[PDB]
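Asks: Model the following, please.
(one chain, ligands or ions: 1)
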Amino acid sequence: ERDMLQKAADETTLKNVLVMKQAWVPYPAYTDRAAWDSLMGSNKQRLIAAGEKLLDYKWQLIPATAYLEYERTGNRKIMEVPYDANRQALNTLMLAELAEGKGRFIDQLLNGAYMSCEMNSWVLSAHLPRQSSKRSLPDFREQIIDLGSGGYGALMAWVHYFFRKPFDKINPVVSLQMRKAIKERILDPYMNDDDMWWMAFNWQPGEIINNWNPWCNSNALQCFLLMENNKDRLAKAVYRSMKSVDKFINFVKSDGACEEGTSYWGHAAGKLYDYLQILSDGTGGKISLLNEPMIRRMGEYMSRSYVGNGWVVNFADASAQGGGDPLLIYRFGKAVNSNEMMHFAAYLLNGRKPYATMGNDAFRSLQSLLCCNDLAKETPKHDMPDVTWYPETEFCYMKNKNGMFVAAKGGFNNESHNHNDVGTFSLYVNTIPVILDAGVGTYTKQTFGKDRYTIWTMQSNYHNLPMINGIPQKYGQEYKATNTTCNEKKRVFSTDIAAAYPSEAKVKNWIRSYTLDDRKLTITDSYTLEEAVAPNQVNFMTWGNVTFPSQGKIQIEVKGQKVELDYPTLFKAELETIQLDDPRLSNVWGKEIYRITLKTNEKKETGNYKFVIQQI
Ligand SMILES: [Zn+2]
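Replies: Numbers count the residues shown, from 1 in each chain. Next comes the structure:
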């Protein structure tokens with residue numbers, strides 16, 4: 001219960017600081033060709049030719065049967081593809097006409113806007129079952145807001161703001177209806193329906209709030225600031241978006257780690273950031289959380305968790321492969337004064353020139369215009385300290401000069417997208433996974449539910465973890481690490497994973513400890529059991545070529561890297577091959593991967609193992 005935003009202002013404060021009549025819009029006016037030329041630089045011709053290809057574009061009708069197919073077969077794409085084509089056409093024409101200024105694209109902007117007003121709804125087939133009727137087809141009697149409608153509303157606000165004049169010159173009723181549609185589909189429902197899930201009014205501890213709150217709220221807020229010229233209404237609206245987002249900010253951990261991972265960062269942290277930027281601009285700088293430490297951490301997560309050459313930390317049901325918008329990262333980095341994020345944005349560019357964001361997000365498209373020339377000058381670099389410690393999420397990133405990166409975690413087995421992975425580590429060598437976390441497959445008939453933990457990628461059996469008395473971890477809030485510490489100077493991460501195992505495992509403490517020195521990684525296991533029932537087993541997931549030159553030695557050759565894993569001779573090593581039938585896994589790792597299995601005869605109520613990994 002930080003309630004940051006509410007502390008920064010109440011409703012009456014807010015009435016003073018708001019900027020009315022859209023004097024806050026940072027783009028030059030439409031008819032100011034000189035200012036736009038400057039801002040566009042070299043995007044100008046690129047943007048015009050993109051818009052030239054759309055001079056003859058047929059705006060697409062979305063048939064009732066496309067929406068109805070969601071009920072019939074779960075096919076969302078049949079509705080989503082033409083919708084998205086229409087939005088992107090609309091966004092592209094906007095940029096192209098801001099680029100040229102001659103009115104060559106006004107007809108198609110008008111055509112797009114008028115067709116959009118004629119649609120019953122901007123909500124997606126998939127999200128429409130939240131209406132009273134629960135159906136996948138729009139009910140002209142009701143409007144809700146999802147991710148689609150929000151963005152569709154903000155794109156339309158922006159079209160309306162920018163081309164109100166040439167549109168009224170042609171016919172004043174287009175802009176009139178645009179104001180009607182945005183009022184009816186965004187503004188009126190936003191103020192009148194307390195019960196949309198993503199708003200998190202009538203959230204209770206334990207319910208989830210996720211990226212929808214900052215995403216939806218950011219487009220709502222755009223819509224108010226562009227379209228609502230009554231100051232008392234705007235004040236009440238913005239204060240409502242503040243109370244809403246405050247629930248997202250309170251839900252998130254203060255250390256800034258995204259427990260979902262980097263793939264959702266763009267639209268989580270990144271939408272939170274967008275919201276705050278929009279809020280700031282709209283209050284002439286007066287309600288700005290952009291210098292909040294937590295927000296900055298949330299932005300540098302993306303830097304810290306990006307290992308290299310496409311590989312990312314992938315705790316839980318996330319992909320080992322990952323990316324990022326350089327332009328969003330740059331912009332975010334500027335706003336919270338992270339020289340780190342700014343250099344990292346340049347790094348992701350990887351020698352390519354930054355150009356305008358296209359796609360279907362007006363705010364991101366327009367903003368990317370302003371940051372574009374600075375980013376082309378920034379020096380490409382991925383500097384970050386040797387240790388990153390997220391103490392609430394319980395993630396530790398440690399890296400040495402010789403190209404090893406370890407990600408270890410504590411945590412609990414009820415994380416979002418949870419894997420039973422408490423205490424697990426992943427080792428990258430020069431960015432290449434060597435001891436890996438398999439990650440996400442395509443969502444079968446069990447993914448969500450019990451029977452989730454009968455799938456192998458979700459079991460502790462298939463993470464870099466011991467099986468205690470031959471027993472794996474269990475799922476649930478109760479099943480977690482204790483006394484997780486991180487010594488930032490000695491590069492030592494250490495945690496008791498005992499409570500992450502069920503009663504049968506019969507363990508008091510099991511302390512799993514990671515030490516990174518400059519040359520090598522020492523893994524220790526230190527355990528005291530309530531009864532020695534079965535032998536412990538230890539596992540490591542890997543790929544490439546694996547060999548066993550001698551007892552207590554394994555060698556892994558993967559993607560140019562080559563490593564030695566030294567293991568107690570008390571164990572007998574075997575390799576298991578894991579055919580990858582699921583394309584969502586074989587996309588990443590290829591055809592198969594491997595689990596190294598360490599098994600023993602020894603059974604002791606107390607013991608320790610020392611494992612050592614280095615290059616050769
Ligand atoms: Zn995993």
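Asks: List the residues that contact the residue most central in space within the chain.
Replies: Central residue of the chain (CA atoms, centre = their mean): residue 264, 1.4 Å from the mean position. Counting by CB atoms under 8 Å, 6 or more residues apart in numbering, residue 264 touches 211, 258. For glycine as for every other residue, the C-beta is placed from the backbone atoms N, C-alpha and C.
Asks: Backbone dihedrals for it, please?
Replies: Dihedral pair for residue 264: phi -100, psi -10, per degrees, to the nearest 10.
Asks: same deal with residue 404?
Replies: The phi/psi pair for residue 404 (degrees, to the nearest 10) is phi -80, psi 140.
Asks: Please report how far it lies from residue 229.
Replies: 58 Å (CB to CB, to the nearest Å).
Asks: try residue 402
Replies: With CB to CB as the criterion, residue 402 and residue 229 are 61 Å apart.
Asks: same question, residue 341
Replies: 36 Å.
Asks: higher neighbour count, those two?
Replies: The neighbour comparison of residue 341 against residue 229 (other CB atoms under 10 Å) goes to residue 341, with 23 against 10.
Asks: excluding its backbone neighbours, what's nearest the more buried one?
Replies: In space, and not counting its chain neighbours, residue 341 is closest to residue 333: 2.9 Å by CB to CB, 6 or more residues apart in numbering.
Asks: Which secondary structure state does the one you found sit in?
Replies: Secondary structure for residue 333, judged by DSSP: H, G, I helix; E, B strand; the rest coil, is helix.
Asks: ok, it - contacts?
Replies: 299, 339-342, 344-345 are the contacts of residue 333 under CB under 8 Å, 6+ apart.
Asks: So which residues on the chain come close to the ion?
Replies: Counting by CB under 5 Å from the ion, the residues of the chain close to the ion are 419, 437.
Asks: Let me know the helix or strand that the residue nearest to residue 344 when sequence neighbours are not counted is in.
Replies: Nearest-residue entry for residue 344: residue 303, 4.5 Å, with adjacent residues in sequence omitted and distances by CB to CB, 6+ apart. Assigned by DSSP states H and E, residue 303 belongs to helix 293-304.
Asks: And for residue 532?
Replies: Using DSSP H and E, residue 532 falls outside every helix and strand.
Asks: From what I see, it and residue 600 are in contact.
Replies: No - at 11.6 Å, residue 532 and residue 600 do not qualify as touching, with contact defined as CB atoms under 8 Å.
Asks: Distance of the nearest residue to residue 530 once chain neighbours are set aside relative to the ion?
Replies: Counting by CB to CB, 6+ apart, residue 506 is the residue found nearest to residue 530 once chain neighbours are left out, at 4.5 Å. Distance, residue 506 to the ion, by CB to the ion, to the nearest Å: 25 Å.
Asks: residue contacts, residue 506?
Replies: 468-469, 529-531, 533.
Asks: What ranges does the stretch 251-400 of the chain have for its strands?
Replies: Ranges of strands in the stretch 251-400 of the chain, per DSSP state E, counting those that start in this stretch, are 306-308, 311-312, 387-390, 395-399.
Asks: for the helix holding residue 303, packing partners?
Replies: If contacts are counted by 3 or more CB pairs under 8 Å, 6 or more residues apart in numbering; DSSP states H and E, helix 293-304 sits against helix 269-282, helix 326-335, helix 339-349.
Asks: what do you get if the cut-off is 6 Å, keeping everything else the same?
Replies: helix 339-349 (3 or more CB pairs under 6 Å, 6 or more residues apart in numbering; DSSP states H and E).
Asks: Run the chain-centre distance for the helix it packs on.
Replies: Its chain's average C-alpha position is 17 Å from that of helix 339-349, according to CA atoms, centre = their mean, to the nearest Å.
Asks: Over to stretch 481-501?
Replies: 26 Å.
Asks: First-to-last residue distance for that stretch?
Replies: Start-to-end span of stretch 481-501 (CA to CA, to the nearest Å) is 10 Å.
Asks: returning to that earlier point: any idea how far the residue nearest to residue 341 is from residue 368?
Replies: From residue 333 over to residue 368 (counting by CB to CB), the distance is 14 Å.
Asks: Show me which residues of whichever helix or strand residue 578 is part of are buried.
Replies: Using DSSP H and E, residue 578 sits within strand 572-579. In terms of neighbour count (16 or more other CB atoms under 10 Å), strand 572-579 has its buried residues at 573, 578.
Asks: Each with direction, which strands does it pair with?
Replies: The strands beside strand 572-579 in its sheet (DSSP bridges) come out as strand 592-599 (antiparallel).
Asks: who touches the next helix or strand after the partner strand?
Replies: As assigned by DSSP H and E, the chain's next helix or strand after strand 592-599 is strand 606-615. With contact meaning CB atoms under 6 Å, 6 or more residues apart in numbering, strand 606-615 is reached by 519-528, 563-568.
Asks: Next one: the residue nearest to residue 344 relative to residue 195, how far apart?
Replies: Taking CB to CB, one finds residue 303 at 38 Å from residue 195.
Asks: One more: residue 127?
Replies: 15 Å.
Asks: quick one: which of these two has more around it?
Replies: Neighbours per residue, other CB under 10 Å: of residue 127 and residue 195, the larger number sits with residue 127, 19 against 9.
Asks: Might one say that the more buried one is in contact with residue 144?
Replies: No - between residue 127 and residue 144 there is no contact, the gap being 7.7 Å when judged by CB atoms under 6 Å.
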